[PDB]
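Every number here is computed from the coordinates shown, using simple stated rules; none is lab data. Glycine gets a Cβ as well: all are built from the backbone with ideal geometry, and neighbour counts include every protein chain shown.
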4 protein chains.
Amino acid sequence: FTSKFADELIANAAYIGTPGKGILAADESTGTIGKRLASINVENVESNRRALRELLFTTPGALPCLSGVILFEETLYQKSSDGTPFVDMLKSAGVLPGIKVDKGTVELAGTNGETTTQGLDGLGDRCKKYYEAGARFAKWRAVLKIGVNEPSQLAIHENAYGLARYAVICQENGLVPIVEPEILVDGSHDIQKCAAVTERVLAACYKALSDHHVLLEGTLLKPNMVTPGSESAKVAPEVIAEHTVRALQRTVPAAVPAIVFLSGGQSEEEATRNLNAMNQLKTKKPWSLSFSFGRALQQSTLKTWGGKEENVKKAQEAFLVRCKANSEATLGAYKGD
Amino acid sequence: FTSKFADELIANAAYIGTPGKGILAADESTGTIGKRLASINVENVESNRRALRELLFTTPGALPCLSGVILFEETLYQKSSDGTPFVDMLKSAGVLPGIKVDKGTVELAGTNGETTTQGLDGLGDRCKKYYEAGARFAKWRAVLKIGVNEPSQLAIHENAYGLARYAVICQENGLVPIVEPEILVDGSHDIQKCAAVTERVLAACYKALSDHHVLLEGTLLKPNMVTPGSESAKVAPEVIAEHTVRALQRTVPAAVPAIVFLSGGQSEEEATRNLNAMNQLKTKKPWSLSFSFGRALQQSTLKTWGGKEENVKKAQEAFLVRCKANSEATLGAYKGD
Amino acid sequence: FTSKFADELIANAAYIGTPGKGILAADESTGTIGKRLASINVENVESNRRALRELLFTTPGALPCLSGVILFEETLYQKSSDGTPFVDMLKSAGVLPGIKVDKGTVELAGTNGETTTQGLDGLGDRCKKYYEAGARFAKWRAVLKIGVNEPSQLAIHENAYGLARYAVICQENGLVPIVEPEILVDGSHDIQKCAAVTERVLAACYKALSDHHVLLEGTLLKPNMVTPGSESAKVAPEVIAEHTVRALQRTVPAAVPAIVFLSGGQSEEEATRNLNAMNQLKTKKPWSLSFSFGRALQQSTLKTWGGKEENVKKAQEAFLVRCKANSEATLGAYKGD
Amino acid sequence: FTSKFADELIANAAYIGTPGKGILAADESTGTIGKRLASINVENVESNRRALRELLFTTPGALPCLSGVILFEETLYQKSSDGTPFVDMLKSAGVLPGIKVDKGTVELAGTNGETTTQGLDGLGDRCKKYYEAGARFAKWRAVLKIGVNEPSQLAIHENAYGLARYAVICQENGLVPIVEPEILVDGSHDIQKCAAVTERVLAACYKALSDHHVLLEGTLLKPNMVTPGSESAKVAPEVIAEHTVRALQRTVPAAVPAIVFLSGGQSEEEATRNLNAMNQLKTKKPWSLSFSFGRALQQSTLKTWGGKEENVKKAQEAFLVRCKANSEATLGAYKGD
């Protein structure tokens, strides 16, 4: 398998990992963004979703910190207040538009609330329409949990091979697949457990991608950082960095151009600090270590904004703060704000 | 000497050397651009200079290939057709605006047509106005020639210490100085001679910068590539690369973040190919090897454009071709057109 | 799985990959060395085997080019003419002694002459005795072939999991396992085929090693270079290098410290030139690229020596030539004889 | 200036900077070693100096940690107890023998106790004899002090140009020159002052080496680490590392293959820790950062070795500890002992 998009996939995937840049995940479904809007007393109508995404995308200074922005299908075709398609707004600034293509998760019978991710049906034709609409990368999220018997062989197998198949289809249709095998932080396991599970899961995913003949140079990885569980004592950025980078060195081929971490419920500042520490570690890292943050990029902007329009300039200043901080983190040059 | 701009100088100088980006030198005076406009039957009025710079700067896809654009003073204050100041147009795309600050050359008594560069008088106050107008780097060109007795000790000394003093003033006023000691190609000397002269000159320049207590991590170097003289047989990109990188390894401190080659006499394609070969050399290179090209970036765009407006879309496609090619060259990934 | 030897394994595996050094494979059994001795009219008695190994190991200048020497069990316990144990001779020069621990190959029923490698029975106790005798690394050779239906899923699976189990036992007993999945060069397949098969095989091997909880940082890889088949047209070193390094980038974790190529029927000079080209390639290589050569290091020495003792000084100068050339090749600094 | 030794100079200088290796400075004159021997109640006769250097050089395990050993003229021609010439002992183990060639310092009139280094007279003929005796590198120590008006322009100029001229003569006779501009720690100045003085001194030295047409690729630098003065509070290894590496980045061309730090006033453990921290700094370092230690390698060995021969095995185990620790420090892998 050589795609006709092979050169463009390799160029775009490498571009996403440009030092100083990372990805804004703005791909929250109509429901998920509902929750976010609720959490700051705003109705979930298309009026407000458009307003919020426009706030982000027209923040002075923000787009230059961004190699990519993950959109939801609605937003991919939406225009701003002045009739500018968001995808053009992105492109003008050198930002690749991305598209969430998974159709969410379902529970696996005979497991303890483990899931598999849906979305392969008609995915080829979707990806082609998305490419035609200006998308150049894709997202698919697989979710694994840590427990006594988790993640199970079945959960791993299903999620790895679901990611691999998604990756091929993406590449056939000119979209760089972000491979996202998220290991949830939930629990009182220690960082060593997280490390072992992350190592096992990534090794399963790269084996699957090899079996599916995926062009690794035309892909991205969006893994969790290796951290203690959500109920365990927090640990310094340097400890997160050591464990995380060691896990990646053990599993992720050099052919992969960039690793764009998910924040997974870490605070805005903590996510930045952890990423920074990874870029300050003197060790073999044959991939860019960057960000693909949603909540960790938007949380404080959502709050400053609240509802209406006096707080746009203030919320845009807040958004710039986090974009700039994460950009600095990719270069290992974040000093704190 | 610690500048209050020290952090911003270091961040901006590092930014210019971002993999995938380089500098467009669009800083040709009112007269020099006249020549270029003449050469394609366009009158040299402010109407057309603005139109040409706008053509370049509003090329879809081009700005993302550019970490910086060197402007002439006129262009620094000019706006586009839609009222956007060029410096804002550039910033929105993450491009640093730069300013040519030298006042040209004068001949040195007692030499064989060797020059020194003028421009120190009132330079501080100029740089400060330029900073306030949105400029964040500066350019000063010293010119050296190769002859039986050239470059002379006097020419070298004058040009190195003129550059050093310019560099300090720049940094005091928040402009990253591009240090440009251009060794002209004119003559029948071979590449070995060029190498020895380039090594001598750069060693003189870094000595001067040390004596002037310049913050090297807040500077840039725009040297000639090491090539045979104008009357000698041209040589393969691999040979240009070997001699050039060896010269830089011998002279340019690792503290300097990036080396942005001038194109000099070189064609569009030749400049790209030579830069690419440098980025394919596996050797210790503690600086970004990038581009600061004028004619090598504009030549084919100037021609396609000709005069008027049906040839804008076509000329912008031509400009994108060269921007994209040089961007690929900074990554060592240029495969040819 | 944490070994008590973990720190020493990681230090020794990293040591083998020291730039300027590689491995001499002198581990040919009593029969195989018989063939080699025959091929230059010498009887296969313990007298001569000792004489030949002593010739190699007492070559002025040779041992400094060697981070390791793979021995056969006989040689591990043998002394030189003057009562110096070879293992002390090696250690004095900073050379790690290694031990061949596989018991050869057997054919797999239902395949077309594909093999699996034997030797797991009592391997733990062997490795412990070998460690006590001064061995610090081990060798196990798996063999895969290329054909219409080869290598088969069964061959791959058997060889990968045989290597993995061998690797853990090694590490439990303080021997750095060289993981050697040799894909035989035999056939008229092209280099693209070799690339695809090498990529599939290595991916299967690292999956197995992960399943077996092997410490990658305490291992080595001895793969075939990626080459056209033995019956296909030879190609330039730079082509071998491009395909080989690409295959390794796609499959071998950064955690592995070093890759010591087998020569696999290449000539002395060709092996050196191919290794050199790999170290001249500007590309992400998170491991040392070195040599583990047998015939490619000894062939010309065997011949110069012949049988008799007038040709020792001459044969030792020949051996030094190849040691020195391969040492230079590890640094990318080999220019030809 | 092209030496006939140019290839061998470049290969040997690069060899000295092999990761995992550094230099033992055992070159203390008849007087200086007197002091060391006195300090542990041993008479300064050639009997005992030989015994001490033999102790070091015949330590099981030590030589593999060493790319070079700097000798005093006496030791260069000495043999061990068993008739083995030291230079053969070194070579057998892959260690380059080096020779101290300066003839000590003299005071500069019109300065405040500043010195210049002697030794240029007949140095060519000495270097040639030394090369013939098996030496392949050389050492010359310049001494600078830090005061209100020190180091003076005159002291710097004299020492830089003395080093440059020494370097040329070395290279003409096939010895890699170690350039050693030692800035003494004496005083109450802070680390920032040491940094500024080290940067000024090194910049003067590389300017001089350029003027003298020295082949940088065939040289070594032995500078002080950047530290607080002798009367100021000691500072953490990370702070030493940051200031030291920054000073070198600012001044030492990439063409120089290795920087072999002098230990100066530092303890064994402190020297190792500081070196290690430099190799753990994530920053552009286009040279090997290694060691050329005297006191920091020998101090604890001198003490364990009382004078008599029952304490040799114990003192050799102590010497191995420091060799092993510094070797690990060159790799950034020292964890403490």
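Some points to look at:
- Sites matching trypsin sites (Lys or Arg not before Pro) across segment B:1-35 that sit in DSSP coil, with at most 15 neighbouring C-beta atoms within 10 Å: B:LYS4
- With both residues required to sit in chain A, DSSP beta bridges show an antiparallel share near 10%.
- Chain D, rotation onto A, residue closest to that axis via Cβ, with its distance in Å: D:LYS282, 2
- Shortest-first nm distances, A:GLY336 label point to equivalent points in other copies (7 Å, Cα→Cβ): 2.5, 5.6, 6.1
- Cα centroid of segment D:65-111 to Cα centroid of segment A:169-184, whole Å: 61
- Using only side-chain charges placed at the Cβ, +1 for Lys and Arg and -1 for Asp and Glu, the dipole size of chain C relative to its Cα centre rounds to 540 debye.
- Net charge over other residues, Cβ less than 12 angstrom from the Cβ of D:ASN41 (K, R count +1; D, E count -1): +2
- C:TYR334 sits among other residues whose Cβ lies under 13 Å from its own Cβ, and their net charge, with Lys and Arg +1 and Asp and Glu -1, is -2.
- Gaussian network model of chain D, Cα within-10 Å springs - most flexible of D:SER288, D:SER188, D:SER47: D:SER47
- Efficiency of FRET from Cβ geometry, B:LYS35 and C:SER230, R₀ 60 Å, rounded to 0.05: 0.45
- Computed from backbone phi with θ = phi - 60° and the Karplus coefficients 6.51, -1.76 and 1.60, the 3J(HN,Hα) list for segment B:188-204 is 10, 5, 8, 5, 4, 5, 3, 4, 5, 5, 4, 4, 4, 5, 5, 5, 4 Hz; x is used for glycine and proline.
- Close amide H partners of D:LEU96, meaning residues 5 or more places away or on another chain with modelled amide H under 5 Å apart, are D:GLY68, D:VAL69.
- Calculated mean residue ellipticity, 222 nm, the protein assembly as shown: -14000 deg cm²/dmol, from DSSP H runs (n ≥ 4) at -39500 (n - 2.57) each, averaged per residue and rounded to 500.
- Each of C:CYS65, B:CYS127 was scored by other Cβ atoms within 10 Å of its Cβ. Arranged with the fewest first, they read B:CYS127, C:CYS65.
- Between segment A:283-326 and segment A:1-40, the Cα center-to-center distance that results, in Å: 15
- Label 7 Å beyond Cα on the Cβ vector: A:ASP211 copy-to-copy distances, nm: 1.0, 7.0, 7.0
- GNM result for chain C, Cα springs below 10 Å: residue of C:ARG250, C:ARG136, C:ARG49 fluctuating most strongly: C:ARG250
- Projecting the Cα positions of C:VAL101, C:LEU90, C:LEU144 onto the charge dipole of segment C:62-159 (unit charges on Cβ atoms of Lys, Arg, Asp and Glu, taken about the Cα centre) puts C:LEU90 furthest along the positive direction.
- Gyration tensor (alpha-carbon) shape descriptor, the protein assembly as shown, a/c threshold 1.5: oblate
- With each label modelled as a point 7 angstrom along the Cα→C-beta vector, the D:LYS4-C:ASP211 pair spans 6.4 nm.
- In range of the label at A:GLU309: residues from segment A:44-58 whose backbone nitrogen is under 14 Å from the point 7 Å along Cα→Cβ: A:48, A:51-52, A:55
- Peptide D:250-263 shows a mean partner chain C-beta count of 4 within 10 Å per residue C-beta.
- Residues of segment B:305-337 with amide N under 12 Å of the 7 Å Cα→Cβ point at B:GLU269: B:336-337
- Each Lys or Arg adds one and each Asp or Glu takes one away; over the other residues whose Cβ falls under 11 Å from the Cβ of C:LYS100, this sums to -2.
- Inter-probe distance in nm under a simple model that places probes 7 Å from Cα toward Cβ, at D:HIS157 and A:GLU132: 7.8
- Global geometry of chain B, whether rounded, prolate or oblate, following the gyration tensor of its Cα atoms and the 1.5 cut on a/c: rounded
- Antiparallel bridge percentage (DSSP; both residues within the protein assembly as shown; nearest 5): 15
- Each residue of segment D:110-115 was assigned a 3J(HN,Hα) from its phi angle through the Karplus expression (A = 6.51, B = -1.76, C = 1.60, θ = phi - 60°), giving x, 10, 9, x, 7, 10 Hz with x at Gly and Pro.
- Amide hydrogen proximity for D:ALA142: with H placed 1.01 Å from N in the peptide plane, the residues at 5 or more positions away or on another chain lying under 5 Å are D:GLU180, D:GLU182.
- Backbone geometry of segment B:320-330 corresponds, through the Karplus equation with coefficients 6.51, -1.76 and 1.60 at θ = phi - 60°, to 3J(HN,Hα) couplings of 4, 3, 6, 4, 4, 4, 6, 4, 5, 4, 5 Hz, x marking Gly and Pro.
- The mean count of C-beta atoms from other chains within 10 Å of the C-beta of residues in D:276-287, rounded to a whole number, is 4.
- Placing pseudo-labels 7 Å out from each Cα toward the beta carbon at D:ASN112 and B:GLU172 gives an inter-label distance of 2.9 nm.
- Beta bridges per DSSP, both residues in segment C:62-204: antiparallel share near 20 percent.
- Nm distances between copies for D:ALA38, ranked from closest, using label points 7 Å along Cα→Cβ: 7.3, 8.2, 8.5
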